[PDB]
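Secondary and tertiary structure notes
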Amino acid sequence: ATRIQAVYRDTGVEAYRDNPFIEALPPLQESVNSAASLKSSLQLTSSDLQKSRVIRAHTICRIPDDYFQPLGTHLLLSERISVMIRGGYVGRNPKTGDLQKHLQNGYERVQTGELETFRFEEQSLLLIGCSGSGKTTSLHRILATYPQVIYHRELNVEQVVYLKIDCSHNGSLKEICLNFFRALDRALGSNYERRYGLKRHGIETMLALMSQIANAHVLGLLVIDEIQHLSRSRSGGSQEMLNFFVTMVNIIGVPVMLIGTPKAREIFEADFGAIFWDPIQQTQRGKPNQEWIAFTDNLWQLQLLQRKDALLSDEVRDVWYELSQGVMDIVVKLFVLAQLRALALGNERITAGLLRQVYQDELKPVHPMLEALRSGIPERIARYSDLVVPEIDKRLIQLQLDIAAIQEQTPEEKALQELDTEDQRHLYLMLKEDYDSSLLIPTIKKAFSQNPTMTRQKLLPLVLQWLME
Amino acid sequence: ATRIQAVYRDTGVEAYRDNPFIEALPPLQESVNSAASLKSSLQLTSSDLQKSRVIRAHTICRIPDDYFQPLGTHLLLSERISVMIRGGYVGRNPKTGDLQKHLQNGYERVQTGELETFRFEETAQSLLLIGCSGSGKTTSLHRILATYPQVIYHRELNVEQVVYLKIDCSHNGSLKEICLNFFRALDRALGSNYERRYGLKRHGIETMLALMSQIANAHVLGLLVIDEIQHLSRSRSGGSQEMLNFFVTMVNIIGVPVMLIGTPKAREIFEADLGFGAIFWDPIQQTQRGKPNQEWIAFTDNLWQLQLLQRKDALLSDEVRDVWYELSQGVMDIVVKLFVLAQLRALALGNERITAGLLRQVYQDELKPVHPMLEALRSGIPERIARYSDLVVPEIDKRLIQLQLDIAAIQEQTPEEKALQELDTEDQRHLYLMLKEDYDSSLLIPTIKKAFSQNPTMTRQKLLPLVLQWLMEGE
Ligand SMILES: Nc1ncnc2c1ncn2[C@@H]1O[C@H](COP(=O)(O)OP(=O)(O)O)[C@@H](O)[C@H]1O
Ligand SMILES: Nc1ncnc2c1ncn2[C@@H]1O[C@H](COP(=O)(O)OP(=O)(O)O)[C@@H](O)[C@H]1O
Ligand SMILES: [Mg+2]
Ligand SMILES: [Mg+2]
């Protein structure tokens, strides 16, 4: 529940003029800018690199859910969503009564001579993409750029800017209306589910109710996600589903975004605008794509491996693309799983062979999708579009448990055990592969103990001098 | 559809008097003033200059479609369109019925001595707007036609007056399609379905021209506009002569005014006969009779103020304006495109001023496909210009999207990413990654770069202290 008190902003567009709903909205520039700037990452100090394997594995398993890097498509989707929300409200001006009547009035005023100039001046969407591409998370982050509920004191309008409905696994069209009321309740503090969402009602009545409630709480955008989950058998076949969605758009009267997979596009082939959420491309315009390189370089810094390689090889990045094929779940999944297996086996360095072992063993269920993308054949890609890696969370727990069962110790882990203060161990890990640990650690401890006041930044050159003299 | 119930007006002309189709039309001064006076554009404040490059670039890419400066050829075309539409209705007055019978009756009156003065005579004007692609013909046509209501309903006569109909030819065009698309366009303006009923692939062009005539006179059509004549395939339509016949026949079978918009290469179809009237949408000329053209000066100065750059050149220089004309050669698409693309290049490069070198750089990198035509315009050779008159820069909107995406990437680059790209060697990046936590980026990257620039072949191990020494205190 996100409520805010409305502040009306002077726009530069005549259609938006004196429209409280658009004026209360954040500026289009902000929503476009915030799409580029609003990223989430992890707080990794060098101390976290020194910690135990269980602790570091727990931290690694959080990259899947606490790391977000914006890309080019995110800005495009943000502008599209903002244009939808503002455009959906251009017709709904409470004071601008009639659109056609103003045309006649202006034509009359021109014919009389009151006006010396006048201009006779004179929608849903479908986000289709493979699973793991990043549709749902991108939607969540883009919607965080807006206030979900904006209250206007000048009236009693409780504006609900955005509402997202996810679809149940093996779901039905019946459940979408009920979940609409549920989501509005959870995002507004109301209890429409108890009253309107009752089994006695039919879909038609619930559709009208959805329309009325969305017009009372003027709905900028309605998001229905994971429509791939909707069961064709229960929903009544591809056409029926299609018909429902079409009708649902006209009744509610708000812009509607449907998010699904290329297989769910088979439902809509009898007809909505379609924007595609394609996987990351390594070669763009006959040239290496810098977005892929930037994303992999940023993700590389979330690497809690002691014998790690700080610089990303072209080899490792390109095998990463080969296995992942640009779908962003399998990118992050491959990174995390490779780090876990490295923790398990020692050899805490990511190689192409380690990535290949992870791909061969832990990512078998999504292979038919990936190879389909490798083939470029649209039918195969559509067929395997819904494929995901089941029970990945339990598997991450299992691999972390395997790490915990390890009674062995790496040489670097031993050396960190011998040294005591974090700064000492930081100096070690910084220089541990350019010098032999056996002669490295004693000099570090001697220098640190003999200069308690001296800063670690000042102590590093001293240890360097002693090492080379 | 823009459907309006007629409100009649008193025009001062006797010939226009009590003619519903002209009286319901908006006044001539309004139509001429409306296109000229309306110069609506983006309003930019000093605050907007001091803003993020993403949002500034967003505003910059909106200049192409939100900037319109009315110019002389536009105003002449507006007046001519108004005169054409109004003039074409004088012989179509509903009151002046049984025109030939009146003639007979008038004759009879004269032949009885009742009438001492009568005149026997038997006004579908035609226009050919010839200009290079990118001059601004379509935008001017759209803005002129937006000052008019497309459909006016006459309650007394039960007649749906279609003021204007615009047909856009396809990239490989047949004179068939034009005919068909007529109906399609009408079916969009009215509620009709003439395409489903009358106009089908089965019927021939000659039959469909007669159907066009019948339906255009039922819904009295002030103006038929066929735009992008250049796109028509001369091998698919049967040759220049046949094509010409079509238009001539169309102007004579249909009693409505017709406007054809095309390139200098499409004039070759009509060059056999100077009929058709010709308006030439020449590019903006730098000099007028040996002295500067204030049209060029005004257009460039007005567009120059729509500049979201911090260290902007306070006012447009003669050097920069002369380079701007040299590259663009007066074609308004290239002017605005060069301006916008150069602003996006300045934002991407981090600079906040427009240089002549920047304009030349964008011209050479981005506007390659149109280079022949522009060069031809420098030569002044008519045939050479006509050959390349149809040239259009392709996919510039996707390139604007790519440019502002690249601008977005540099803005949101992490300080680590900026440093790793500024370091030229793997060793330097390894050193930066080692020392990033306890040392500041201001000295760290330059110190490493100069340390490797003065000891070119030297190991990382030996060069770590030298970088450290200069950071603590060193040469
Ligand atoms: N911008 C991003 N940066 C980093 N990781 C991402 C990003 N977008 C998505 N991911 C990863 O992809 C995973 C799956 O994304 P999800 O929203 O489920 O896509 P879809 O809905 O298409 O299956 C997320 O758990 C997240 O870890
Ligand atoms: N009067 C004008 N002021 C500003 N820009 C213009 C003007 N006329 C045309 N343009 C620019 O030229 C571009 C294309 O013009 P267009 O109408 O297609 O010319 P043509 O029909 O000759 O190709 C448009 O994107 C528009 O931005
Ligand atoms: Mg999904
Ligand atoms: Mg054109």
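Criteria and thresholds
- Residues numbered from 1 in each chain as written, not as in the entry; some residues may be left out.
- Chains lettered and ligands numbered in written order.
- Heavy atoms only, no water.
- Helix = DSSP H or I, 4+ residues; strand = E, 2+ residues; numbered from the N terminus.
- Rg over C-alpha atoms; globule rule 2.2 N^0.38 Å.
- Buried < 20%, exposed > 50% of the residue type's maximum accessible area, 1.4 Å probe, protein only.
- Areas by Shrake-Rupley, 256 points an atom, 1.4 Å probe, with all protein chains shown as cover.
- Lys, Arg positive; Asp, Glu negative; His and termini not counted.
- Charge placed at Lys NZ, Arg CZ, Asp CG, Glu CD.
- UniProt positions renumbered as here; feature names shortened; annotations may be inferred.
- Contact = heavy atoms within 4.5 Å.
- Donors = N, O, S within 2.8 Å, 3.2 Å for Na, K, Ca; no water.
- Pairing = 2+ DSSP bridges.
- Axes fitted to C-alpha atoms, helices over the stretch in contact; angles between N-to-C directions.
- Near = heavy atom within 4 Å.
- Polar contact = N/O pair within 3.5 Å; in protein donor to acceptor, adjacent residues only side chain to side chain.
- Nonpolar A, V, L, I, M, F, W, Y, C, P; charged D, E, K, R; others polar.

**Section: the overall build of chain B**
Each helix and strand counted, chain B has 25 helices and 9 strands in total. A compact globule built from 475 residues should have a C-alpha radius of gyration of about 23 Å, whereas chain B, at 31 Å, is more than 25% larger. By its C-alpha atoms, chain B is 120 × 50 × 45 Å across when sized along the principal axes. Considering chain B as a whole, with its 475 residues, one finds that 50% of them fall into the buried category. When the accessible surface of chain B is totalled, it reaches about 23,400 Å², and 47% of it is carbon and sulfur. Side chains of chain B give 52 positive and 58 negative charges; the mean places of these two sets differ by 2 Å.

**What about the UniProt feature "binding site: ATP" in chain A?**
Residue and element names in this part refer to chain A. Feature annotation in UniProt places "binding site: ATP" on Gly129, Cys130, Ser131, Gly132, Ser133, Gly134, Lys135 and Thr136, given in this structure's numbering. By secondary structure assignment, the location of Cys130 is in the loop between β2 (125-128) and α8 (135-143). Not counting residues up to four positions away in its chain, the partners in contact with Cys130 are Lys135, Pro262, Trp277, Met369, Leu373, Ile381 and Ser385. Residues contacting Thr136, with those up to four places away along its chain left out, are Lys164, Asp225 and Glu226.

**Remarks on the coordination of the magnesium ion (ligand 4)**
Residue and element names in this part refer to chain B. Only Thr138 (OG1) and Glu228 (OE) from the protein reach the magnesium ion (ligand 4) as donors, at distances of 1.9 to 2.0 Å. A residue pair is termed long-range when its members are at least 10 positions apart, and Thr138 in helix α8 (residues 137-145) and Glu228 in the loop between β5 (221-227) and α12 (234-237) qualify at 90 residues. With a relative accessible area of 23%, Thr138 lands in the partly exposed category.

**Topic: the sheet that holds strand β3 (residues 151-154) of chain B**
Residue and element names in this part refer to chain B. Pairing in this open sheet of 7 strands is mixed, and the strands run β1-β3-β4-β5-β6-β2-β7 from one edge to the other. Each edge of the open sheet is held by one strand with a lone partner, namely β1 (3-5) and β7 (277-280). Taken over all neighbouring pairs, the strand axes of this sheet differ in orientation by 20 degrees on average, direction set aside. Where strand β2 (residues 126-130) and β7 come together, 4 bridges link them in parallel fashion. Bridge pairing links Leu129 to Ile279 in β7.

**What about the site of ligand 2?**
All names here are of chain B. Neighbouring ligand 2 are 16 residues, the closest being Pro64, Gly134, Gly136, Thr138 and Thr139. One of the backbone nitrogen or oxygen atoms of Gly134 is found 2.9 Å away from an oxygen atom of ligand 2. Within the side chain of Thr138, one N or O atom sits 2.4 Å away from an oxygen atom of ligand 2. Of all the elements in the fold, those that place two or more residues in the shell around ligand 2 are α8 and α17 (332-349). A per-class count over the shell around ligand 2 returns 6 nonpolar, 7 polar and 3 charged.

**So, the UniProt feature "DNA-binding region" in chain B**
Within this numbering scheme, the UniProt entry marks residues 376-395 of chain B as carrying the feature "DNA-binding region". Across residues 376-395 of chain B, the secondary structure splits into 50% helix and 0% strand, with the terminal C-alpha atoms separated by 22 Å.

**Things to note about the UniProt feature "binding site: ATP" in chain B**
Residues and elements named next belong to chain B. Under the UniProt annotation, "binding site: ATP" lies at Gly131, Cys132, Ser133, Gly134, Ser135, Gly136, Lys137 and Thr138. The residue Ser135 is located in the loop between β2 and α8 in this model. Polar contacts involving the side chain of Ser135 include one to the main-chain carbonyl oxygen of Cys132, which spans 2.8 Å.

**Description of the pairing of β2(A)**
Residues in a regular strand project their side chains so that they alternate between the two faces of the sheet. Residue and element names in this part refer to chain A. Residues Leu125 and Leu127 line one face of β2 and the alternating positions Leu126 and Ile128 line the opposite face, and both faces are buried. With 4 bridges joining them, β2 and strand β7 (residues 256-260) adopt parallel strand pairing. Bridge pairing links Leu125 to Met257 in β7. Sheet topology places β2 next to strand β8 (residues 273-276); 4 bridges connect them, and they run parallel. In the sheet register, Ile128 faces β8, and the bridge partner there is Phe276.

**Let's talk about the site of ligand 1**
Residue and element names in this part refer to chain A. Around ligand 1 sit 18 residues in total, of which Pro64, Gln69, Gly132, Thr136 and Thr137 are the nearest. One nitrogen or oxygen atom from the main chain of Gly134 is found 3.0 Å from an oxygen atom belonging to ligand 1. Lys135 places a main-chain nitrogen or oxygen 3.3 Å from an oxygen atom of ligand 1. Against a free-state accessible area of 560 Å², the protein chains account for coverage of 86% of ligand 1. Among the elements of the structure, α8 and α16 (328-345) are those that each provide at least two residues to the shell around ligand 1. Here the shell around ligand 1 is composed, by residue class, of 7 nonpolar, 8 polar and 3 charged.

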